[PDB]
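First up is the structure itself, then whatever we jot down about it.
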Number of protein chains: 2
Amino acid sequence: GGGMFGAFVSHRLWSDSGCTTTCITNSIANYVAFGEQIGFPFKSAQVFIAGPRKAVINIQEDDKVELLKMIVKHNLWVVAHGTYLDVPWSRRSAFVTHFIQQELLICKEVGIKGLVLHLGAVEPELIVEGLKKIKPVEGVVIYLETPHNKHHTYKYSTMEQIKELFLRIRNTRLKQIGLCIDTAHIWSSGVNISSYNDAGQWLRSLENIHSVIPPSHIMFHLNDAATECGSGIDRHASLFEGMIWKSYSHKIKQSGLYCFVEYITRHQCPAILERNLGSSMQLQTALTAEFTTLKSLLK
Amino acid sequence: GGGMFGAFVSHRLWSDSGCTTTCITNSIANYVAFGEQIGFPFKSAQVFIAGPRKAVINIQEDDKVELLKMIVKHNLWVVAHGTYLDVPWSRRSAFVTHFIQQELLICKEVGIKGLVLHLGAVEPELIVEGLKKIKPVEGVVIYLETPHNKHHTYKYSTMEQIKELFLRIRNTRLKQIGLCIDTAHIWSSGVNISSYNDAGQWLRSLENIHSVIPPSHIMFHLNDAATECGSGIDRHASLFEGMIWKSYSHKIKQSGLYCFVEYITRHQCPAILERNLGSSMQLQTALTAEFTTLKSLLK
DNA sequence: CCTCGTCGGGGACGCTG
DNA sequence: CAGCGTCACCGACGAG
Ligand SMILES: [Zn+2]
Ligand SMILES: [Zn+2]
Ligand SMILES: [Zn+2]
Ligand SMILES: [Zn+2]
Ligand SMILES: [Zn+2]
Ligand SMILES: [Zn+2]
């Protein structure tokens, strides 16, 4: 197999109005159907199992059982984005760490392959401190997502900072820790990835530290951005419709995105499209454009 | 007689170099002599009897006796500008109100006809509340000077606010309260008085509330301004040398200043020229220019 | 139970009448 | 003392 492409599945916008106990499983079912209809069978997906605005578990025991069968039936590589309250490097991180411990156990329970956590603009020593309090579970790897700020030293969007972080992780013998790369986050953090060569040099530098972070522990969030490079604002957009790759609307194979797609296919990485909008028709309209553009890129 | 013109007499820049014995009286003598020399006998004067940077009485009992004889000898109309600490409507409204009682009693002791107090950017009732705490002394009237601010609500530079303020004063029947109009203060407070008619309508509006504030209790600070209209900055300048009446350097009888002089001559008001320069040579140079300009205006 | 950014109001400051 | 300009800080507010 090559790359494993997919999108973020909102419970609201994908679950059938008449679900009762297995709502998350139903949202996946319609999501899988949508891909087969548009001619792009998905191999990956991202969902919420909690929050994301409150540290509360959303899934139900009925949904757990049927979700595992749904994932195995369609051979899906699924991660769960943690709630926005998941910051192990905080003051009262005793509740938070236990809450993440719960999410990790559920992911193993239902066949989800990881949990995405946001990185703070904090020194790497504090990050591993919070990570040290988390006892891991097998089969589930914590993915650390690239943050987005403006006037903070620690951005974790340059390779020098990513290496230094994961070097401390490897020196601490911390198991099952990965990296999630959000193109919009590193772009709103100062890293210009518009042209093929600029994304090339960045990805080449990522490959140069594979001993610290191997591509087996790397996933991608393929997002365009409706903001400026270095602004520090998270405003996702559909591919080639935001300020990163809008200029490459009719030369898509010269864009920094195609260089990312080449990396994803080369290292068989997961790629998630996190874009949310007001309506189901609006979302499936944008998703049809993006995934048909990927279909042409993989043709 | 007509108007009573004069200037502010610093008891340093006018007293004999290194004065010790009766300095305020000596400063007046040279000030009177300076007028006789330049051909402009002064009828008014303004001095400090305290501060203005510290709540301490500067005059001495020796100076008191000779100053009274000096004032009567030349028939001078003298006021004392209060220190910058004189705010009866403040937190320390117990100490300040007693300090003013001291200054007020000294003015009667030496023949000074009033004390100038600055108005705050405060509601008018706090002002009369503070003024009600002051037991008056006869023959001495408290003159309230117009302030200078940009963003505060209360400017006391438009006639609508002056009227309600002094209306509040008359309704409380507290005696011996006057008004001091600083052309530079009301100008840096938003009131353009550059042209003859603009000063005309403002002074005309002052005459319209003569039942509330009679011209017998009105004095003037004739200052140009080295700032912009409405800036909120107190920067005095010589007449026709600042940003108010510089445009009327060779058409002085078409300026708003001449309209003020007409008012002063009409109601026999005192007019004080407050100039802060560097040396005695700098000050007496600027004063000769202004007072000779007034000499031509009164010809 | 988290953080980003922005925006807009509050107080601190070393001036100057 | 009470003005101003300047500006950082705290506290709301939508984000994701
Ligand atoms: Zn995220
Ligand atoms: Zn993301
Ligand atoms: Zn994002
Ligand atoms: Zn004054
Ligand atoms: Zn004045
Ligand atoms: Zn002034």
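In the structure tokens, the first chain shown is A, the next is B, and so on; residue numbers restart at 1 for each chain, and ligands run from 1 in the order shown.
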
Exercise for review: May I have the residues within 9 Å of ligand 1, computed using only C-alpha atoms (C1' of nucleotides) and all ligand atoms, as number ranges by chain?
Suggested key: A: 81-84, 116-119, 144-147, 180, 182, 185, 221, 274; D: 16

Wanna dump the chain A-chain D contacts at 10 Å for me, each residue with its shortest atom pair and the distance in Å to one decimal, counting only C-alpha atoms (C1' of nucleotides), ordered by chain and number, as a Markdown table?
```
| residue | atom | partner | partner_atom | distance |
| --- | --- | --- | --- | --- |
| A:52 | CA | D:16 | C1' | 9.4 |
| A:84 | CA | D:16 | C1' | 8.0 |
| A:233 | CA | D:15 | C1' | 8.9 |
| A:234 | CA | D:16 | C1' | 6.7 |
| A:235 | CA | D:16 | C1' | 8.4 |
| A:236 | CA | D:16 | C1' | 9.3 |
| A:274 | CA | D:16 | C1' | 9.9 |
```

**Study point:** Distance-based interface of chain A with chain C, 9 Å, counting only C-alpha atoms (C1' of nucleotides), as an NGL selection string
**Key:** :A and (54-55 or 83-87 or 90 or 92-93 or 95-96 or 120 or 147-150 or 231-234)

Check your understanding: Looking only at the backbone, which of the residues in region 94-230 of chain B does DSSP tag as helix (DSSP H, G or I), as a ChimeraX atom specification?
Key -> /B:95-110,124-132,159-171,183-187,196-207,215-217

Could you write those residues out with C-alpha atoms, as a short mmCIF file (atom, residue, chain, number, x, y, z; two decimals), in the first residue's frame?
```
data_model
loop_
_atom_site.label_atom_id
_atom_site.label_comp_id
_atom_site.auth_asym_id
_atom_site.auth_seq_id
_atom_site.Cartn_x
_atom_site.Cartn_y
_atom_site.Cartn_z
CA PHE B 95 -4.72 68.83 54.76
CA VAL B 96 -5.16 70.74 51.50
CA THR B 97 -8.23 72.66 52.68
CA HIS B 98 -6.27 73.88 55.71
CA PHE B 99 -3.20 74.78 53.63
CA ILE B 100 -5.43 76.91 51.39
CA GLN B 101 -6.79 78.61 54.52
CA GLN B 102 -3.19 79.57 55.29
CA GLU B 103 -2.61 80.94 51.79
CA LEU B 104 -5.94 82.78 51.87
CA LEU B 105 -5.12 84.47 55.18
CA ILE B 106 -1.71 85.59 53.88
CA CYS B 107 -3.29 87.23 50.82
CA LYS B 108 -5.39 89.41 53.13
CA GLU B 109 -2.27 90.05 55.24
CA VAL B 110 -0.32 91.53 52.31
CA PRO B 124 -18.84 69.92 39.28
CA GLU B 125 -20.38 68.82 42.60
CA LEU B 126 -17.11 67.41 43.91
CA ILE B 127 -15.70 70.87 43.18
CA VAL B 128 -18.32 72.76 45.19
CA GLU B 129 -18.14 70.09 47.90
CA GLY B 130 -14.42 70.80 48.24
CA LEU B 131 -15.03 74.54 48.01
CA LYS B 132 -17.68 74.32 50.74
CA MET B 159 -19.72 77.78 28.10
CA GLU B 160 -22.27 75.01 28.66
CA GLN B 161 -20.04 73.37 31.29
CA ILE B 162 -18.88 76.63 32.87
CA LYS B 163 -22.49 77.73 33.32
CA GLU B 164 -23.71 74.58 35.09
CA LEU B 165 -20.60 74.66 37.29
CA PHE B 166 -21.07 78.25 38.44
CA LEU B 167 -24.83 77.73 38.53
CA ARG B 168 -24.09 75.04 41.10
CA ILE B 169 -21.92 77.58 42.93
CA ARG B 170 -24.59 80.28 43.04
CA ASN B 171 -27.31 77.88 44.20
CA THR B 183 -6.67 81.33 26.61
CA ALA B 184 -4.02 78.62 26.19
CA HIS B 185 -5.93 76.20 28.45
CA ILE B 186 -9.30 76.53 26.72
CA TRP B 187 -7.53 76.38 23.35
CA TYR B 196 -11.86 87.48 15.88
CA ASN B 197 -15.38 86.09 15.45
CA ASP B 198 -14.65 82.70 17.02
CA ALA B 199 -13.31 84.39 20.14
CA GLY B 200 -16.24 86.79 19.78
CA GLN B 201 -18.94 84.13 20.04
CA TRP B 202 -17.16 82.46 22.96
CA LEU B 203 -16.80 85.72 24.89
CA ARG B 204 -20.33 86.69 23.84
CA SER B 205 -21.54 83.42 25.36
CA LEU B 206 -19.67 84.28 28.56
CA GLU B 207 -21.51 87.61 28.72
CA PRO B 215 -17.36 90.03 35.07
CA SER B 216 -16.40 91.59 38.41
CA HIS B 217 -15.22 88.10 39.45
#
```

Would you mind listing what lies within 9 Å of residue 46 (chain A) as a PDB file with N, CA and C atoms, in the first residue's frame, with only C-alpha atoms (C1' of nucleotides) counted and same-chain residues fewer than 3 positions away left out?
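Result went into result-v4.pdb, see below:
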```pdb
ATOM      1  N   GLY A   6      -7.465  10.434   4.416  1.00  0.00           N
ATOM      2  CA  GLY A   6      -8.768  10.504   5.042  1.00  0.00           C
ATOM      3  C   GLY A   6      -9.065  11.916   5.493  1.00  0.00           C
ATOM      4  N   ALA A   7     -10.160  12.055   6.234  1.00  0.00           N
ATOM      5  CA  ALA A   7     -10.591  13.361   6.708  1.00  0.00           C
ATOM      6  C   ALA A   7     -11.110  13.236   8.132  1.00  0.00           C
ATOM      7  N   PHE A   8     -11.342  14.389   8.755  1.00  0.00           N
ATOM      8  CA  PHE A   8     -11.892  14.433  10.101  1.00  0.00           C
ATOM      9  C   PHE A   8     -13.406  14.271  10.045  1.00  0.00           C
ATOM     10  N   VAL A   9     -13.928  13.336  10.832  1.00  0.00           N
ATOM     11  CA  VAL A   9     -15.341  12.980  10.803  1.00  0.00           C
ATOM     12  C   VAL A   9     -16.005  13.606  12.019  1.00  0.00           C
ATOM     13  N   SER A  10     -16.760  14.677  11.797  1.00  0.00           N
ATOM     14  CA  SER A  10     -17.519  15.288  12.879  1.00  0.00           C
ATOM     15  C   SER A  10     -18.716  14.419  13.235  1.00  0.00           C
ATOM     16  N   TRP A  77      -7.385   3.095   9.403  1.00  0.00           N
ATOM     17  CA  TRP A  77      -6.383   3.601  10.334  1.00  0.00           C
ATOM     18  C   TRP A  77      -6.960   4.863  10.959  1.00  0.00           C
ATOM     19  N   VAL A  78      -7.405   4.759  12.206  1.00  0.00           N
ATOM     20  CA  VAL A  78      -8.169   5.819  12.851  1.00  0.00           C
ATOM     21  C   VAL A  78      -7.399   6.324  14.061  1.00  0.00           C
ATOM     22  N   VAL A  79      -7.326   7.646  14.198  1.00  0.00           N
ATOM     23  CA  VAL A  79      -6.828   8.289  15.403  1.00  0.00           C
ATOM     24  C   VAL A  79      -7.953   9.109  16.007  1.00  0.00           C
ATOM     25  N   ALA A  80      -7.784   9.433  17.281  1.00  0.00           N
ATOM     26  CA  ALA A  80      -8.705  10.297  18.001  1.00  0.00           C
ATOM     27  C   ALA A  80      -7.951  11.552  18.403  1.00  0.00           C
ATOM     28  N   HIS A  81      -8.460  12.707  17.992  1.00  0.00           N
ATOM     29  CA  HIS A  81      -7.908  13.961  18.470  1.00  0.00           C
ATOM     30  C   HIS A  81      -8.373  14.180  19.901  1.00  0.00           C
ATOM     31  N   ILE A 272      -4.739  13.269   7.300  1.00  0.00           N
ATOM     32  CA  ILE A 272      -6.078  13.620   7.752  1.00  0.00           C
ATOM     33  C   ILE A 272      -6.387  15.040   7.306  1.00  0.00           C
ATOM     34  N   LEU A 273      -7.578  15.243   6.749  1.00  0.00           N
ATOM     35  CA  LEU A 273      -8.042  16.571   6.364  1.00  0.00           C
ATOM     36  C   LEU A 273      -9.004  17.075   7.432  1.00  0.00           C
ATOM     37  N   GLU A 274      -8.538  18.016   8.243  1.00  0.00           N
ATOM     38  CA  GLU A 274      -9.336  18.622   9.303  1.00  0.00           C
ATOM     39  C   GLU A 274      -9.946  19.901   8.743  1.00  0.00           C
TER      40      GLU A 274
END
```

Review point. Hey, can you check how far CA of residue 264 (chain B) sits from CA of residue 218 (chain B)?
Key: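 Computing the Euclidean distance for CA of residue 264 (chain B) and CA of residue 218 (chain B) yields 9.4 Å.
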
Review point. When you draw a straight line from CA of residue 213 (chain A) to CA of residue 114 (chain A), how long is it in Å?
Key: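 Between CA of residue 213 (chain A) and CA of residue 114 (chain A) the gap is 15.9 Å.
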
Exercise for review: Using DSSP on the backbone coordinates, identify all residues within region 20-92 of chain B classified as strand (DSSP E or B); present the result as a count of residues only.
Suggested key: 11
